[PDB]
Every structure is written in C-alpha cells, then in structure tokens.
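Chain IDs A, B, C, D, E, F and G follow the sequence of writing; residue 1 opens each chain.
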Amino acid sequence: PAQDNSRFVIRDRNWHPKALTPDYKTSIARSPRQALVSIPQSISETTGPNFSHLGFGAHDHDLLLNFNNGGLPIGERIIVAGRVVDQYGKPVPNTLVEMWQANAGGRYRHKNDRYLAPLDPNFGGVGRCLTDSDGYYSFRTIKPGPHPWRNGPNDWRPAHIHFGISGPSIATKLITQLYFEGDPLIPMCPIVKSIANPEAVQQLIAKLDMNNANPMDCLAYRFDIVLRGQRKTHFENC
Amino acid sequence: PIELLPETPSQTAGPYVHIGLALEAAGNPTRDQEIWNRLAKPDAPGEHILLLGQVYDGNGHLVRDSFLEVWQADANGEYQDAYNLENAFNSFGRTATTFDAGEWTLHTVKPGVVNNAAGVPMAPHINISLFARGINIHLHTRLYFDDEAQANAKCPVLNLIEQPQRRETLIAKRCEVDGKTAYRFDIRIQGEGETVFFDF
Amino acid sequence: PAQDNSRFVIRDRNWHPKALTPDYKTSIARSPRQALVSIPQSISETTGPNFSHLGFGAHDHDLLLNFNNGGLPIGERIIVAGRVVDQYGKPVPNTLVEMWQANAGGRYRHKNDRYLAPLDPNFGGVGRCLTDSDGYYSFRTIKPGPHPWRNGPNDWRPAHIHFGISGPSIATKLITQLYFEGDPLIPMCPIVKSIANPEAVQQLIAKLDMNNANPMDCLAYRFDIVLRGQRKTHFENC
Amino acid sequence: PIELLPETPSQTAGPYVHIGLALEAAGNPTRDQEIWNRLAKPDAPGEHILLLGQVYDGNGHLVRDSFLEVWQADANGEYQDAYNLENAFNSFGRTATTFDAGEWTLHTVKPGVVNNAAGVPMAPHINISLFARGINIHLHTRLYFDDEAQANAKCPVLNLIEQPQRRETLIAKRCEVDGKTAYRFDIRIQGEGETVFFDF
Amino acid sequence: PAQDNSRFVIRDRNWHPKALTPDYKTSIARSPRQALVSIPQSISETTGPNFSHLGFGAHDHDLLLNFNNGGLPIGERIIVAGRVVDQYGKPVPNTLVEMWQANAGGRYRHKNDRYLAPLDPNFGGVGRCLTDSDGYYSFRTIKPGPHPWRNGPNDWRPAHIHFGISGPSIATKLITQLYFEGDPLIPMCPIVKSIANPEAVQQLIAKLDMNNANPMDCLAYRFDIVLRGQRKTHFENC
Amino acid sequence: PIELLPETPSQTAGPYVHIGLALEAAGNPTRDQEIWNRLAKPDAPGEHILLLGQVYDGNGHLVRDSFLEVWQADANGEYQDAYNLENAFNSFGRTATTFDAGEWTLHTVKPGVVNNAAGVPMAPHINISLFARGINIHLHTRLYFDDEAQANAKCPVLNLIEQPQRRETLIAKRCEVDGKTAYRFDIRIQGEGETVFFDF
Amino acid sequence: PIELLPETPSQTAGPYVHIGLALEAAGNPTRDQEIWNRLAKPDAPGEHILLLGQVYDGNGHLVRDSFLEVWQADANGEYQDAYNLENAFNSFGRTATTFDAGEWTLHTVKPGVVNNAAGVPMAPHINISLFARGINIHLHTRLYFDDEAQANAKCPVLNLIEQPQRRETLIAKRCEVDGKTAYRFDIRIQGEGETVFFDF
C-alpha cells in the first residue's frame, strides 16, 4: 500500500485562477464565499492512485483512429506532446494524462452541446495515455475549432484541449486547458482571464513544434505541464 | 527568495467534462477499462456501503454537471494506490451527478482509521475533489460519518475548523437506499450551510 | 464600349514579391531572366472587363451551402469580409472578387492534391461575388487548414485563402493570398517570404473581426484589398 | 514625397488555381455561368480564329498548370467591357493548359487596330496575363500576328523592345487546326527564346 | 411600423463601469449579484423610438433663456456642442439628446437638493434637442459648479452635465455625464472612477473649443458621443 | 483584431434625473410636449391595462428615485417607432418612482406576440430599462404576464434563463385597480428574488 | 514556436581536404587504418562491380579536388554500420578526384533492394555526398544502375523528381573495364545535364 514519504510545495492561489471571477458568469454562484481551511499534509493528501496497471486500448491516445466509423476525421492533423515535470524540474513518469476536446468546427460530442456546427462521424474527442519513464506524453488529434458559448452575448472559446493530470498524489492532481500559439481569441476569453497573472496565462499556450511534425502528414504542438514540487520530509515531529 | 518553476494554472473542467472523464454520462461509448464509481468488489474486506449526494450552488439549485474524484483508505486503513480493475478494492474512484436528478453515487466500503503525520488518528474519511463548469480550481473536502461521533470529535483535521457549526457540514448522514446501508453527503458550494473546503 | 480616360499608379515591384525567390523552389525555373519592358498606358491597359452582368448563383459567395451533398461542411464557420479601395482610398464598387481554398484539414478538391487528409463531402472550396456600391465584399466559409507541400522537406502553408480581384482595368487585376491573424506558420512560409518587405507581408494578414460575427453561429475575419491608384489623365499630348 | 496606400502585394496563384478560376479543369462541377475561352459566338463580326499555345519553363519543360487571362479589341477595334455570356463578343476571356490539356486554346476573332495614347496605331494584338505555381506576380505579354508584318513593324509598343530578335517572341504563327485558321503562340518564361514581358 | 434589419455591436462591459463599484456607496445595494442573461437581438431590442416629430419649444436647447424670470442666469456662458456617431463612425442624425445640470454654484433645481449654495432665479438646468441631419447637436448654458454630496466625508462631483441619448434603438440608448477639460476634481470622483479604464474616463471629458466660441459673449466646449456600431444582418437562419 | 471606436461609457443617472427626464414627477414646470407614462389614449385598439410596480434595493428597501423607460409592441404585435403625442398609441414611454409616489404606473395596452429573429414567437412582453442613483449602467428586463402561462412556457427568451425559479421574477401579477385590469411588476435589484436582467 | 539548438553551420571542405580525409590521394603518408574506396574484399557475397566517374563544374570543366563519401546496402539489401577493415564488406567508403587522378573509383558490390519507410521497394542505389572547394554545404545524390530499368521506373525516390529528363541524371552507365563489370557515374554540379541533388 501507499506511504506518506513526501511533501508538496504549497499552491500559489493567486497564480491559479481565483474561485470568483464574475466575467465567467457561472463562477458567481459556484464559488465558495468562506475561506478555504488550511490543513497539514498527511498520508491522505500525499498519496494518490498510480495507473501503471490500467489497461489502455491501442488507440486510446490517437483521436484520428479511436472513433473510426469508416474514415478519418476532417481537420488539421496534429501531434500534441510534451513533458510533465514537478516544480523542481523532476520528470513525472508513468502518470495519467487525459484529454478531451471539440471537433474541427467547435462542436462537442456531448448530448448537452447543441451548437449548430456539425459533428464529425469519425471524431469522438477523448484521449488518454501514461507519461513514459522520462515524463513525456503524446496524443494525435485534430486541432479543435473555437466554440461559442452562452456567457456574454458574443463569447467564443479559443481553440482549446482540456487536460487532466494525476501526478504522484491527490495533492498534485490538476485539470487545465491547453490553448494554441497566436490564437487571437486567447486575450478575449473570460475563462482564460480567470487567471489574473498574464505570465500564468502564457503557461497554458502550446507552441507550434515543427521539429516534431511528420512531413506531408501532421503538424505538432508542444505543451509542457508543471505539477507541484515534491520533496522528502525533514525535521518533522522533533 | 527561492522561486521554483510555477505550477501549471488550473482551469475549469467545463460542462463537457464527461466526454473525457465520465464517458457513459456524456452519452458516449466506453472503452474496455474505465475508472468509475465501484471501488469495491463484493469480496472486498469491510463494511460495504453506498455513498450518494447532491451538489448545490449559491442559489440553492442543483449542480447537474459535477464531476467528483474520491480517495479513501480500505477497511484496514491502507491506501491502495496500485489502481487495477481486477483489485478487490481500489482506494480511488470517480463519479458524476448528471442532469436528471443531480445525484452521484459511489459503491465502496467504510474506510479504516489512518494517522496524521504527528501520529494522531483521524476519524474515518473519504477525500473528495469536486470539479464542474463554473469551478476554476477544484474544491477539496472530506466526507466523515455520523455514526463515528466519538472519533469525529477527536479528529485533528476536523478540529482545525474553528466553528463547530461548520464541522457539521462534513458529516454524512446514515440512511438506507433499497434497504442497504448508505450515507448521504450533500455539498453546498456557496452560502447557507456552505461545505468546508480545504487547502493543502 | 470602353474608353481610355484614366491612368494607374505604377506598381512598386519591390513591394510585390520579385519573380526569382529561390526558397520557393518552383520560382527558379518560372522567373524571367530578362528585364520587363516598360510600356506607356494605352486603352489596352487602362480598360478591362466589368462583371455587373455576369449571372451569379444564390450561394456563389457561400461555401457552407454551395457544395451541399446532404450536410454542412465540418470546420470553423467564418465570414470573410472587407473593402476593395484604390491607393487614393477610393472604393472600387461592382468589382469581381473570386476566392478558393482547402477544406478544414488542408485538403484541396483538385485531382492533383493527394494529401492524405480527407476531403469533406460538403465542401468545395470556391467562392465569388461582386463588391457592393461602397466597395464591400462578403463570403461565408470554413477556415482552411495548413497544407503540407513538396518544397523543403517539412514545409507547410499557413492557413490561407486565394483571392483574385479584377478592379477597373487589366492593369489593376491582382491575385494574392489571405492569411490569418496570429498564425505561427506565416513567418516560416517561403511563399509568404517571397515578399521581401515585412510591412507588405502584414498587408496580407486578415484580422479577427468580432464585431462582424454572428453569435452562436460564426466568427468573422476582415481583409481589405488595395488596388493601384486611379487618376484622370492630365497634360498629355501637349 | 507623397506616399499613397501601398497596393496589396501579389502572391502566386498556386497549382490549384483551377478550383477557383477554371472549374472544368480542376475536375469539378461548373456553375451556371463561367468566364471561359470562347470570346465569340458564331455571329460575331470579324474573322473567326483559334489561338493555341504551350508554356515552357527555363528547362524547356511544359508548364502544365498555367492559367491565362486575355483582353482584346473586337474586330471593329472596340473593347467590349460589359462582360455577358449572351454577348456576341466578349473582349475578356480565360484559358488554362492542364495536364490532360498541356496546350491552351481560345476561340475568338482577330482584333481590329487600336490607337495608343498619342494617337499612333498599334498592330493587332491580344493582351495576355500569365499565372501559375512558381509565378509570384503575373507576367504580362502581347500576342501579335505573323500576317500583320507591315503593321507590326510600325507598332509603337513593339518598337519599345530594343532588340528586333526579342520582338519576334511576340509574333504568333499562322497555322491550321482541324482545317480552320489558327495562330500558335508559345510562351517561354525563361532562357532561350524568352518571351518579352511588360510592365505598365 | 419598425423593422428588424440591423444588429448592434455587443457592449464592452469592462469599458463601461461595472455595477458594483463600492467607493460609489449607493452602488453597493443597487447592483445585481447574479450574472446578466445574454439574449440574441430581436426586433424588440433592435428598434426604438424616433423623435423627429416630438414638438420642441423655441428655447428647449438654450438654458440661458428657458428659465427666464426677468434676467439672465449668473455664470460662465458656454456653448456645448458635438457630434453623435456610431462605432463605425457613422453619424446618428435626428436623434434625441437630453441634458440636465446644476447652476453655477453646484445647486440643482430639485426639492431633494438642499445644498446651501443658492438657486439662480433665472436658471432651470434642463435642455433637449435633436441632432441635425449630419449628427451634430448644440446647447447653450452656464458652466455648472462642482457639487458636494454625501458619499465619502469630503466628496465633490467635478463640474458635470448629465446626458441622455436615444440613438436608433433601445439597444443604443445611453445615459452618461460630461466633464470639463482640466478639472482637478475628475481624478478624485468615485462616480468617474466607477469606470475602470483611464482611457474610457478620457472619453467623457469635453474639450475647450475656442473655434466655436462667440467672441465677447460665450465660450464653447466640444463633447462627441459614440453609440454602439450598427450593421446589417448577414447569413442568419441559413 | 478589428477594434472599432469605443462606445461612450455609461454613468449613473443620479438622484436628480427627474429634472431632465421626468419633469412632472420632479414637481417642476413642464414644456408643451413631454414623453411620459400614457402609451395609449382611450381609443387605441387592444386591451387597455394599467401597469404598476415598486423597485427594491438589496436590503429590501424602496428605491424612490428610479426612472424607467419602456418599449412594447401595439396590440397587433407591431412596434411603432414614429413617436408623436397625437398618436392613439406610442410604443415608447417613461415613468418614475419618487418620494411622493414610490410606485410607478403606466397606462397602455397589452402587447401582441412578436417573433424572434429565428421566427419563433415570443410571449407578450414589455421591454424595460431601469436607471437610478447607484445604477452605473441601466438594467434591462422584460415584463411578461401571468395570464399568458402557455406562451410564457414556450418563450425562447424566457427559456434562456437556466433556472425556472428565476423565470418567475419576470411574470407580472394580474389584479384589478378601481375596476380596471392591472398588472403589478415589482423589481428586486439585488438579493432574494433578484429580478433577471438581460445583456444584448 | 519551439526552437532547438541551431545546427553548427557547414563550411566548404576547401582545396586541401585530402590531407585530412584522403591521405593516399593527397600523396601524403597514411596511418595503419584508413577509410577508403574498397568497400568489398574479394570474398564478399554479391556481384562485384567497379564504379567510376568524373565531376564537372558549371563551365563543363573537371573538378580535380572533389571528395566523395558513399553509403550503400550490401548485396542482401542490409546496411552494415559496424565499420571494420577486417570485414569482407563495409557499407561506407570514401573516394576522391585529384590532379593526378581526375576520375574517382570505388570497388564494391551491387546493392540489394531496400524498402522506404512506407514499405515500398527502392531501386538499387548508392547514396553519395559530394564535398569540394567552392561547395559550401555538401551535395547529396544517388547513383542508380541502367540495368535496373524496371525497378528504377517504380522507385518512390526517383518518382519525386518531377521531370523524367532529370531522373536520367542519376542513372549510371554499365560498361566493362579490364574485363570486369563497371558503371560510370558522372556528376554535373551546374548547368546543362545538372545532376539531381537531394535534401532530407
């Protein structure tokens, strides 16, 4: 079983978005009004699931092939790859990375998305993988289109891919969104702007990565993820 | 001062989180293996229980697109981190409310007692992380049990909550669902009866 | 019939791309080696076709509907609109604007494009219209995907739409390409870089135009076109 | 000095130009009305002629993806600018070489004489603009006729070409295609016998 | 009857003042706490009253004569003039512009104003007019004095004139306040500072306009007003 | 991106708004023609109705300095933009709450059904813009009618309000005032029962 | 975008390259082991062949200071990277043209067929890199064989050369030299008959 043998650097909750960011309208009634209660790290917080023994299908990381209903999905073929490290720069190997997204037209394969842009019969929009022994992950997919949404009267999400990363403990687990280099919708989005610090926003922008492209085939973007720094315990209970 | 690499900032999971993390609920085909809400096989040691709850916004309305992750000790007070669908018990699971009635469910066993880092026993608890549209960074809480009053009263984590009235928000209520032992744990994100949320 | 009654400002052929730009490989053998011969403007050059009496189909300007084979095309729904003016700022009304492009995945509906990205059965990629009485044009389309091509070993066109504009004379007629605000492929493209002056390159970049979007429907880009300045003749033959 | 708004810079038409401007050739369905290569209906006044040619690169190889626009006076020396598929004669047309058809053709009438701006007659000519993959800004040229030698020798435009040998590159050769009057006008973009191209 | 033939550029609600601006104390209890609900434009929102046939009295625009009780009002005689345009720069002709203000001493002719500075027996402080066919309006008035008010313990409104403008639809209707070039009270006012963006505050400052003054008679200020951009509908319901 | 001229920013109407926009309500002398609260003269077609209401702040206290503008279709569902005091009906009006009269009134007809831009019928409604001291940019709302329950349930605008409970805030209550048909429409700017406000 | 460390830029090998890389050809003393032009010892399996050629500049004049490196499969179509002078066959070798010997030679076997990355057979070929004074970055080419016409016509690499005429520049000519099978492969760096050079 799991043991308590590490501590995780405390989060900077001014680097993360705050709970109440009213321009993102749904945050108004879904943000606690009382202060969070700080608690010390115990085995409950410094452990978490490891997914080495989860059985992955052959195409789980490949959205060009994992919803195959007779052809390839339409849209910009791209690899999305990167490394997961902690704040001390240490790679996070064998960690679960999950992603989901709209299709090339900004339409989600979810019963609750009724945007008029069509579904793609060969695109599902979900991927997962484990980072390798050096911390690297990769997916193959279609670049998602911007998605209009009922916030302000003319609000559009930038092209984006949702990410979840497990990391070594429940204290490191993170959900975030990847955006794409140069997208002029990024500075306009109230969800992006839930993050107050412009330097933090930049950490969510994947860069075009020609070095990793397959010529005559697919482009590539690089998106690195940094989880909370992990250290050994020291001088505790003495 | 020493400044490390900044952590990647959180963003909301958004209303279509189920596409990626709760495939059944998105209306979508599942893969061969999914991480879901049945932590215990019928043969797992311990007292088998159902957990269920609803999640409320600051207006008292149901949050019908919530996604929850849970992490708990097994009946013997051990955290089982080697996730495997073939395990008798997994310490980790996922659940979600969805539209309809807004209720999530988890099938598990009552967790055994674990000590904090100072060696002081914590009352039996399930660690919960709550995600949804409108929630920019997930909310951490704990579900404790109303039939563990003595242990709850001595829990070093519960005792960090300054007001006894707020401690009550973390105590799940024993009940019965289809005749079987259950505990209900409703979460109120904002306002009257607001659930305690933790930072760590 | 047409008459000679105007002169057109001489082109700046250092603002335009030169003929020989060897990084764009096909220009090497398709560029004249002799100097152009300058000739004075006559009726042959200062007149040209007007298309007011050309019959346009109902959907000629609407690529979401003009190749309808049972559904909508997949991809980012966009309006592309702008104004055609001359170098003196005068609008160019009732002028022919034609455009063509790849689909959302960078695949062209042309027999000679065998890129592996699929065709979209509801996308053709061709539009035309006339500017209105104030010089404005409008198309509705899907944002095209980047297109890999056999130039260097890993070359990709930025997302682009080809444009042709007639203007008042054969001296004004122009073919060009529209690119999209922020696209990280633009600075990398040897076709873009056939234009030596960075300020000229900027003139080909369409800007995101939220003011012209249809909420919950389509985004919009603005691309203005400037043709050679037209003036009256003066003090000729005297 | 006075600096006006810069003109939008040219770019190559690229190899798929036919999708937008020569639909038949792209392999694609046509619209009800297309601008194409038949300038004259049978009843148009004047001498009905076929024009055809091939286009060569600097290596002597065919340019199979050429797109050409033409502008010429009618038989009476009048430029007909009100383009209409119902017209007896249009002064404007389009043609292309293609792989299937590496030769372009145009069906027209021999143009009548037009004066230049100084009132001096120009020899009968067709104005041509050439577009293709590899051509960053279109190339302007003129097609003159080998059976107009007297007029050609006095043309104030031809006479602006310094070398008589280069003037020869603009003179189309009378011939017969399927027994009918034709003129062949080959274009050599680069190198030996390079066609004169104009700026104006 | 009125028709739905136009759309209006969506408002920037971070350019306008937000509802909750607590230094302006009355906004604390008079600001909604729930998010606004976005709704698409319909004929209900894109039409509005046209006041071309409202009957105006001879002096409705002239506050030096419209409260005549035997003399001229005391204070700085000024013309206040400007142009109403939309965000596309298009003039807004035949539109209703209404204004009200304090007298030269900061005293309003309202029962609820009990400031100790006296009323002026020949000043009422209310004006209205229509913009002309080119979008221009003009009033003649007295420059208002600063007005102390029960916000903070020593708060004073800068000299200001309240404005209401109808525009082409209920979607364009606006109420605002004009301030005067150079007034040192402007940076100190919590109502001015309800506007977060300093560039937006600058848009409310009328400029001294010597060109429009009547020598030996009255000075003049220029205050231009920009209403939401109006465009034609395009590609709707198709 | 394309950035237009910015709109002139809003400011509060302030406590003395009635001197400029509600002269009779301010107890000040009126001009010959004023825009006020009688949209319909007795001979206007349709069902003549009295509308009335009070406006409350976040502490539940009366707002006695509000200024309201209203815009509605005639009984035939047509908007009448040609404002003229000679008309039997005007689509536009103004009213106010004051120290002396804390309850605004309007004298009008019940509006006919109007389609949205997609051709879908909206339930009968009056568009309202609310201004006052403390209100930095005016608040848009709609008054619907409790005797139009079937139409209300199908209104594409009401249906953009996510929570059914909040839709109820826009439904005016039918009553009788001195024998004549009336509806009460109270507005709560903030807090419990907060009125839905729109952006468009 | 992602920018890696830049590659160290190439420079010409210069006229004295042989002192560093072709010691025998420079007429200088050799070390105990040199990398040179005998890829195959007599015992190597396969068809033993002599390769020879001359290198010409753009003026048609001999390049008498060229240095060539070659890389080829063995007769079975396998690349042998373990370079050792004891091997009966090495896949790599070096040759040169000099003032005394203007025609380079190689002693090898005919390479077997190798598939491309898509599994399509390439025609038998030798990979060549050419270096010299005046050549700033080396030129890559391939030597194919004129007695492999059927395979050559189907080679996915030869077929990336757009013009059939240029494909012919890569086809070495079979002959006999002192009774043994040989192929001549001349390279023309520039101008008429310019040899195809590759980028990869």
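As a working rule, a residue touches a chain if its C-beta (ideal position, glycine included) is under 8 Å from a C-beta of that chain, and two chains touch if they have at least 3 such contacts.
Against reference pair C-D, the listed pairs C-F, A-G or E-F yield one interface repeat, E-F (criterion: more than half of contact pairs the same by residue number). Comparing the chain pairs E-F and C-F, the larger number of C-beta pairs in contact belongs to E-F. Inter-chain spacing, taken between the CA centroids of subunit D and subunit G, is 47 Å. Subunit C and subunit G, compared by their mean Cα positions, are separated by 46 Å. For the pair subunit A and subunit C, the distance between mean C-alpha positions equals 38 Å. Of all residues in subunit A, those touching 2 or more other chains are 26, 28-29, 150, 152-154, 181, 184, 188, 207-208, 210, listed in ascending order. Under the contact definition stated at the top, the residues of subunit G that touch 2 or more other chains are 1. Partner subunit B is touched in their complex by these residues of subunit F: 163, 165.
Those residues of subunit C that touch subunit G in the complex are listed here as 150, 152-153, 184, 188. Interface residues of subunit A facing subunit G in the complex, by the touch rule stated above, are 181, 207-212, 222. Interface residues of subunit B, counted against subunit A in their complex, comprise 4-21, 23, 26-29, 31-33, 35, 57-59, 61, 63, 65, 69, 71, 73-74, 78-85, 90-92, 99, 114-119, 122, 125, 127, 129, 131-140, 157, 160-161, 166, 189-191, 194-200.
Those residues of subunit B lying in contact with subunit F across their complex are 59, 61.
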